[PDB]
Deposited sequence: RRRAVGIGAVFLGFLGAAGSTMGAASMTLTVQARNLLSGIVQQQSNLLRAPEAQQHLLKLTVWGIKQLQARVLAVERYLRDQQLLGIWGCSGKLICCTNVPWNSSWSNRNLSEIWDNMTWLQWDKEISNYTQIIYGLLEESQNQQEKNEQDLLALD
């Protein structure tokens, strides 16, 4: 057990063993300063849970999607991402491709929402 952010320097493969360590630490006039920080943490957490929910990933730390990885975002092979890079390095490389990926995941789920809704009526 490494602790909170312990695997920050580990490779992306090893840092994914401990996603629950960081997940549980995101949630928990001088009274207002403390009180407004508590509200900020709650609405910041809920916006991330809402994003997972609309991608069909709610309640999952690791979620597989139906969006193929366009090589324009990153053309590095799978072996040099999960065993050579850390998550901090990766976030800086796909930072500008983050929003276009977010739209694709949202468009992939509501396509599956309607396709399953249509198929369920047959």
property	result
Deposited sequence positions missing from the model - stretches, numbered from 1, in order	1-10, 39-61, 156
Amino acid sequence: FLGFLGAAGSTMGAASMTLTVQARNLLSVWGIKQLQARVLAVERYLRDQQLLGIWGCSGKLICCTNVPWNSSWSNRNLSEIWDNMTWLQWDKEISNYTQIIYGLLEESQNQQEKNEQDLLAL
From here on, numbers count along this sequence of modelled residues.
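The term rigid core refers to the maximal set of C-alpha atoms that superpose within 1.5 Å between the two forms.
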query: Outlying stretch relative to shown form, 64-72 versus 29-37 in 6 other deposited structures of this protein, C-alpha RMS (core); finding: 29-37
